[PDB]
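Trainee: For reference, the structure I am asking about is given below.
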Amino acid sequence: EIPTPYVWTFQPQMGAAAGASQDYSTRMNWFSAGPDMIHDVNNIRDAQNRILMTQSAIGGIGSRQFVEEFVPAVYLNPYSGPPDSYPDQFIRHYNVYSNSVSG
Amino acid sequence: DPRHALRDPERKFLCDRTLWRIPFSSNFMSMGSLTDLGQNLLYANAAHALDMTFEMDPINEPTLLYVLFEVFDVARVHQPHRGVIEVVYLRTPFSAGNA
Amino acid sequence: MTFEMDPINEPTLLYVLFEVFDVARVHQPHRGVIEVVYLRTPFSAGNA
Amino acid sequence: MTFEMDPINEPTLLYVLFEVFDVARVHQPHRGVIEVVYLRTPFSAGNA
Amino acid sequence: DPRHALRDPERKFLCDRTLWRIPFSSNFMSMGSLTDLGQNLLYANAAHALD
Amino acid sequence: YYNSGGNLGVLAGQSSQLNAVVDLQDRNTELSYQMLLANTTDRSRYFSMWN
Amino acid sequence: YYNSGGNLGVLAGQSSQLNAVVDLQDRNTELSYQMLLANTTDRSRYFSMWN
Amino acid sequence: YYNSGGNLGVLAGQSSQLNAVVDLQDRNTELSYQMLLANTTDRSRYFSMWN
Amino acid sequence: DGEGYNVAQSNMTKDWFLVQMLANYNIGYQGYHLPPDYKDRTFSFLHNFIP
Amino acid sequence: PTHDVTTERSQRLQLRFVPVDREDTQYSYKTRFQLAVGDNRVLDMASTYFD
Amino acid sequence: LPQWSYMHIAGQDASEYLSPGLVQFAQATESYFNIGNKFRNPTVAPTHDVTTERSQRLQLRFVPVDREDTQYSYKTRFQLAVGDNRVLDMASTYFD
Amino acid sequence: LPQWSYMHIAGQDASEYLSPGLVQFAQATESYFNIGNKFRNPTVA
Amino acid sequence: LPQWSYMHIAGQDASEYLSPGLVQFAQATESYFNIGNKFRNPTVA
Amino acid sequence: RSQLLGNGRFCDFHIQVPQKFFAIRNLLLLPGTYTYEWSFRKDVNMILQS
Amino acid sequence: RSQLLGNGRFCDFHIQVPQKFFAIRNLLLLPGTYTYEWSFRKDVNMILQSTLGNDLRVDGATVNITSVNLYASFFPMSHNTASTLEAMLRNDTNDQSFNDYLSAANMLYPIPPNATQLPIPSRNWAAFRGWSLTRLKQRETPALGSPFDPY
Amino acid sequence: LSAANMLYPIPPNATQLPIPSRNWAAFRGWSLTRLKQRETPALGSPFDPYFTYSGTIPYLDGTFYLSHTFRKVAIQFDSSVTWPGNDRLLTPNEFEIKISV
Amino acid sequence: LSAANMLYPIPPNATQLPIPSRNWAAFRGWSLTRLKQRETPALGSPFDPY
C-alpha cells in the first residue's frame, strides 16, 4: 500500500552514507481525526511518495552531491519479496562483500 | 583615598527571566518562522545525529539543563458535521519522541 | 445502574468493571527509539 | 572501563590516551592569508 | 498562626473617576456613534415611556 | 493539569467520541502561556480576574 | 507500583526520552495478571521463583 | 604555553586576521614532541642548542 | 453569594462586569483580557477597578 | 449596521453549565461538562472559563 | 511538502487557502466578531541569494599597524581590509 | 473504522496485516523462538 | 568518506592527490630543499 | 495575589480559571453537543505559592 | 510462601519480581539503549500478608531493601538472522500490539453501612464489551493512586 | 512556545554535561537555561511525593535566574561536523558565553 | 601523539576506578599510565597556586 519512505544519514567520513530508516520526526499524527480526514491524509501523503518517486529517478560522495542522490526511496509493500531480495542495504551495520557482521 | 591598598578588578553579569537563544539560521537573524537552514536539503533529505556539550559553573546542589528544541507544534481542526470535532496534530521535528 | 444488595454492618464498595478494549501498538523506527500508542475505548480518558 | 590498581597512600591520576586522528590541512590562497582546517576524530570537541 | 480564631471573608471594590455605562445596543458593543437600536423603527416610529 | 497523559483533558463531540485533545508530557503549556502574554500585552499591570 | 501516576514506571530510549509506559489509575494490572495465569496454566501448582 | 585556551598562541596574516592556531587543552603538545624525537633520532645524545 | 455570580474575586456580578467590558473595550465575547493601554485612560473602567 | 448582526429573538449572552459527573480524588479533582452549543450559534472558547 | 502545506507550516496564506467568502467576512467583522486568529498564516524564509555557503568570519579583529603614544595623545592606524564579495557597514565597527 | 483497524481491534489478522516474510518466519521458528504472541489477531462477531 | 578524504586520513597519497609538477619537484630537490614532510600520506588497513 | 484573598489564615476563595491549551484556546466550536472534561490538582505545593 | 522464607522472625530474603504491565510484558525490544526505571513500595501491609490480617505496621513489621538488580536473557540467535528480523520489525507494517488481559475500567463506589440501594450515573459515548462486578470491604481495600495510605 | 521540553540532570559540582540526540528533520533553533531540581516538580505523574517546595517554579511561570552560570556550548552534527562551523565566530569551535581570563 | 588526554582522580588507597564515556565513531586505540597528583600541574589555567 502506501508506506513511509526511508531517510539516509550522511556519514561525514568515508562518504558511503549509512543505514536508512523510516522517518518519524515528521510523522503527521492524525489517528484522532475523522473518516474523510483519514482518507485525505493518506492522499496527500501518497502524492508525496509520488513526487519523491520522480525526484528519485532523476571514494565517497560529498554532501552537496549526496542530496541529489540517495534520495528518500519508498519501499512499497513490506518485505513482500522472497528471503533473497530484501532491503539489506537499508541496514546500518551492513556491508556488501559479506553479511552484516560487527565486532 | 591615599590610604587605598592595591586591589583587583572583578567582572560578571546577571540575566534573569530570560532564555539563551541560538536560532538555526545561517546568519542567526529571524527571516521567518521556517528558517532557511530549516528548509535546506542537507537536513530534509538525510537524517543526522546531534551532540551538545554544556560547560557550566559548579553548584553545591542538584540542577537540571532545561533545553528547548524550537519546533513547529501545529494542529488543524476540522468540523464536518454537527457535534463532530476532528483534529490533526503535527510537531516536526520530534514527531513522537526520539528512538 | 441500580444495585440492590444485602445490608452489612460495615463500609463496603461496589467494584464495577466496564469491559473495554485496552490496546496499544509499539512502533520502533530507529535504534533506541520506542514510540507507543495506547487506546482504551470506550472510556478513553475518564468521563466528563 | 574499570581499572583495578595497587593502593597508594597519596592522591594519583589515571592518565588515559584515546588515540585518534588529530590532523589539520593548511590552505594558502593569496598573499598573507592562512586558512587552516582542524579535525580530531573521534572526540571532535569533547563529549556530551 | 495556631492562635488564629475563626473568622469570616468580606469582599468589595472601588471604582473612582468613572461612569457606569449601559450602551443602547443589541449586543452592548460600540459599532458606531449611531447605535443599531437607536435606529430601529420600533423607536423612531412611535414614542414610549421610560422608568 | 497540563502535559500529563495521566490526567489528559477531554473535549470531543458526544457523537464522535474521539477526543480532540492530544497532549504530550514533552510540551509545556504553562510556560507557553506566560511568554504569550508578555508579547501581546504589558505584563506589568494586574488583572484580578485571571489573578 | 502499578496504576499510580505518582510512581509511574519509565521505559524509553535515551535518544527518544519519550516514556513508552503510559499508566492510568483506572486500570488494574495486578488483578489482570492473576486472571491471565488462571487461563494459560493450572493455577493449582506452585512455583517458588515467582512465589 | 601549550594546550591552554587562556594563553593560546597566534599566527595569522594581517589581512586575514583569522588565527590559524586552534589549540585545545585536551591535546598534549609537550609529551607529543618528546615521543616524536625518540622515534626519529637517538634520544641518548645531547644537543645544547635545544637543551 | 448564593450561586456566586460574582467575578474578579470581588462582589461584582458576572453580568455587570461583562457589560462594562463590552461598553468600554468591546471585550467579552471572545475572552477577557487587559485591553490596550491607549484605551485605558483615567476615565476608563478597568483602569480604576480595584477589588 | 441595523441587520445581519444581532438577533431579535430571546437568547442568553453567557450560559452556565453544571458538572454532569465529578470525582473528588485524594489528590485530584475531575469534572465533566456537556458543553452544548445551540443551533445558529458560535462559541469562542477564549470566552470560556472554570468558575 | 504536502505535510507542511496541509498544516500551513509553509505555503499560501489564510487570505488565499480560505474560501473567498469567509475571507472578506472576517475583514468586514474586524470590529465586533474577529476570526483572524483562528487561521494561521505561514511565514517562510528565503533559501538562496541571502547567505553564503562558504566559510567566512562574522566579525574580524584588526591590530594596529602603527601606534604612537604621545605625552597627551594616542594615535593608531589600522588597515581595515574588506574582502571581496563583502560589504562592511561602519556602524558595526568600534574601537576596543 | 481506521481507529480500530490501526489498533487491530477489528480487521485482518496478523497473518495478513504483517509482511509475508515475517509471517512464515514465525511459523518456522514455532519451536525455539516464538513471536506469535507479539502480534494481536482481531476477533469480530 | 569526504571528511577523511579531504583530511587525507584515508585515500590517495601525496604522490597522487598533489599536482604532478609539485611531486617531481620534491623528488628532484630531495637533496637541498625538502618538502616531503609537508604532505601527509594516508595508511589504511 | 496574596492580599487578593485576604490576610486571614482561613479564606473562602472564588476564582475563574481560563483555558491555556493552544489546540482549543482560540478555537471556534460550531453548533452541537460536546463533552468537556478536565482535572484539577489539589497539591498545596503546586496550586499555592509562598 | 510463608515457609518459603522460613520459620524465624528475622530472615534475609531474596526474590525475583516479574514485569506485569501488559504494554511491555511480552514486548520484543530491538538493538539500542533504553532507560528502564521503576519504584517499589515498602509498606509492610501491602508487600506482606498475614492470616489474621492484623495491622503489621503496628506489630513491629519492618522490611529493608539492600540491593536490586535487573536480569535479562537473550537468545543466542545468529547475528545474520537477528539482523534480518530487526529490519522487518522496524517497519510500521509489522508493529507489535498487546492488550491487557482484563481490559476494563475499574470503578469504585462507596456503600454506606446497612445501605441497600446503590445508584450509579455515568455515560459512554461508544460501545464496549460488557459488565463485570462484585463487592469489597473498604477496610480490605487500600486507596490506590497515592504513594501511601495512612488509613 | 512551539518546542520540545527536555530535562537532563546535572550532578552537584558537575561542570561538563554532554547530551546525545538526533533529529531526522530541520527545526527552528535552540533555547535553554538552568533549573534547580528541588524547585522543579516531576511532571507527568499525578503526584510528586518528593516535591517539598512551594516557591516560584521557573519551569512553569518562567522565573529563570541561572543563565549566568554557563561557560560555553558546543554543537556538532554526526559527531564531527561542528555547527555553525564555516569559521563564523571568533571561536569557530564553540559558543563561549563568558570568559574568565 | 594524536590522542585526547584525559585525567581522572584516584583517591588515596583506592583500588577500583570506573570511567564512563562514549564515542560516536571509531578511533585507533587506548594508551594509559598512572601519575601522582602532586607531580601533575593543573593545566588550562595561566597559573597553579597549589
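Here the Cβ is made from the backbone with ideal geometry for all residues, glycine too, and neighbour counts use every protein chain on show. Every number here is computed from the coordinates shown, using simple stated rules; none is lab data.
Trainee: Nearest 10 degrees is fine. How inclined is helix I:14-25 to the longest principal axis of chain I, computing both from alpha carbons?
Mentor: 10 degrees
Trainee: If you take the beta carbon distance between residue O:143 and residue D:3 as r and set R0 to 41 Å, what does 1/(1 + (r/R0)^6) give as a FRET efficiency, to the nearest 0.05? Before the final figure, lay out the partial values.
Mentor: Values: r = 51 Å, r/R0 = 1.24.
Between residue O:143 and residue D:3 the formula returns 0.20.
Trainee: Averaged across the residues of E:17-27, what count of C-beta atoms belonging to other chains lies within 10 Å of each residue's C-beta?
Mentor: Average per residue, whole number: 5.
Trainee: Which order do the peptides Q:9-19, A:29-39 come out in when sorted by mean C-beta neighbours inside 10 angstrom, highest first? Present the calculation step by step, with values, prior to reporting the outcome.
Mentor: On the way: Q:9-19: 12.5, A:29-39: 17.9.
Ranking, from highest mean packing down: A:29-39, Q:9-19.
Trainee: Just to be sure I understand the model, the point goes 7 Å from the Cα along the line to the Cβ. What's the resulting residue K:34 to residue B:15 distance in nm?
Mentor: Calculated label separation equals 3.2 nm.
Trainee: For residue H:4 paired with residue A:96, estimate the spin-label separation in nm (one decimal), with each label point 7 Å from Cα along the Cα-to-Cβ line.
Mentor: 5.2 nm
Trainee: Count, for each residue of O:70-82, the Cβ atoms from other chains sitting within 10 Å of its Cβ, then give me the mean as a whole number.
Mentor: Numbers: counts 0, 0, 0, 0, 0, 3, 0, 3, 1, 5, 4, 3, 2.
Average per residue, whole number: 2.
Trainee: Another one. Nearest 10 degrees, 0 to 90: what angle lies between the long axis of helix F:29-40 and the longest principal axis of chain F (Cα atoms)?
Mentor: With rounding to tens, the tilt is 40 degrees.
Trainee: Also, quick follow-up: Straight-line reach from residue B:12: which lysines fall under 19 Å, measuring Cα to Cα and dropping same-chain residues less than 8 apart?
Mentor: P:72, P:98
Trainee: Would you kindly state the longest site-free stretch of chain B, with sites defined as trypsin sites (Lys or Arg not before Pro) in a DSSP loop (not H, G, I, E, B) surrounded by at most 12 other Cβ atoms within 10 Å? Present the calculation step by step, with values, prior to reporting the outcome.
Mentor: Values: sites that count: B:3, B:7, B:11, B:12.
Excluding the exposed sites themselves, the longest stretch runs over B:13-99.
Trainee: If packing is taken as the average number of other Cβ atoms within 10 Å across a peptide's residues, how do O:134-140, I:7-13 rank, most packed first?
Mentor: I:7-13, O:134-140
Trainee: Kindly state, to the nearest 0.05, the FRET efficiency for residue O:135 paired with residue I:5, given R0 = 35 Å and r defined as their beta-carbon distance.
Mentor: Details: r = 43 Å, r/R0 = 1.24.
Plugging the Cβ-Cβ distance into 1/(1 + (r/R0)^6) gives 0.20.
Trainee: Next up: Could you sort out which of J:30/N:20; I:14/K:38; O:20/O:42 sit more than 21 Å apart by Cα distance in this structure?
Mentor: As for pairs spanning more than 21 Å Cα to Cα, those are I:14/K:38.
Trainee: If one computes the Cα centroid of the stretch K:15-71 and of chain D, what distance in Å separates the two points?
Mentor: Cα centroid of the stretch K:15-71 versus Cα centroid of chain D: 41 Å apart.
Trainee: How would chain Q be classified by its alpha-carbon gyration tensor: rounded, prolate or oblate, with rounded meaning a/c under 1.5 and the a/b versus b/c comparison settling the rest?
Mentor: Taking the square roots of the gyration eigenvalues as a ≥ b ≥ c, chain Q is oblate.
Trainee: Long-range amide H contacts for residue B:20: which residues qualify at under 5 Å (H placed 1.01 Å from N, peptide plane, sequence gap of 5 or more or a different chain)?
Mentor: For residue B:20, the qualifying residues are P:32.
Trainee: Put a point 7 Å out from Cα along the line to Cβ at residue F:47; what are the distances to that point in the other copies, in nm, shortest first?
Mentor: Taking the point 7 Å beyond Cα along Cα→Cβ, the inter-copy spacings are 6.1, 7.9 nm.
Trainee: Let me ask something else. Which ³J(HN,Hα) values in Hz, rounded to whole numbers, follow from the phi angles of the stretch H:45-51 under the Karplus curve 6.51 cos²θ - 1.76 cosθ + 1.60, where θ = phi - 60° and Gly and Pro get x?
Mentor: In residue order, the calculated couplings are 7, 10, 8, 2, 2, 8, 6 Hz.
Trainee: Here is a follow-up. Counting other Cβ atoms within 10 Å, which chymotrypsin sites (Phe, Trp or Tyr not before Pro) in chain E have at most 10 and lie in a DSSP loop?
Mentor: Qualifying residues, ordered by number: E:20.
Trainee: So what are the ³J(HN,Hα) numbers for the stretch O:74-81, from phi and the Karplus equation (6.51, -1.76, 1.60; θ = phi - 60°), rounded to whole Hz, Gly and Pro as x?
Mentor: Going residue by residue, I get 10, 6, x, 6, 3, 4, 4, 5 Hz, with x marking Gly and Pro.
Trainee: Output ³J(HN,Hα) for the stretch K:10-17: one whole-Hz value per residue in order, computed from phi by the Karplus curve 6.51 cos²θ - 1.76 cosθ + 1.60 with θ = phi - 60°, and x for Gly and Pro.
Mentor: Once rounded to whole Hz, the list reads 7, x, 5, 9, 3, 5, 9, 7.
Trainee: Further question on the same structure: Placing the label point 7 Å from Cα along the Cα-to-Cβ direction, what are the distances from residue H:34 to the equivalent spots in the other copies, shortest first, in nm to one decimal?
Mentor: 5.3, 7.1
Trainee: Amide H of residue Q:34 versus every other amide H placed in the peptide plane: which residues, excluding those fewer than 5 positions away on the same chain, fall under 5 Å?
Mentor: Those qualifying (amide H under 5 Å, at least 5 residues apart or on another chain) are D:15.
Trainee: Inside 10 Å of the C-beta atoms of I:7-14, what's the mean count of C-beta atoms belonging to other chains?
Mentor: Mean number of neighbouring Cβ atoms from other chains: 6.
Trainee: Then there's this: Can you give the FRET efficiency to the nearest 0.05 for residue K:71 and residue H:15, using r as the Cβ-Cβ distance and R₀ = 35 Å? Each step should come with its number before you reach the end.
Mentor: On the way: r = 33 Å, r/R0 = 0.94.
Once rounded, the FRET efficiency stands at 0.60.
Trainee: List, shortest first and in nm to one decimal, how far the label point of residue G:14 (7 Å from Cα along Cα→Cβ) is from its counterparts in the other copies.
Mentor: 5.2, 5.2
Trainee: What order do you get for K:61-74, O:47-60, A:76-89 when each peptide is scored by the mean count of other beta carbon atoms within 10 Å, highest first?
Mentor: The densest-packed peptide leads the list: A:76-89, O:47-60, K:61-74.
Trainee: Would you please give the residues with an amide H less than 5 Å from that of residue B:78, counting only those at least 5 places away or on a separate chain, with H modeled from the backbone geometry?
Mentor: B:86, B:87, B:88
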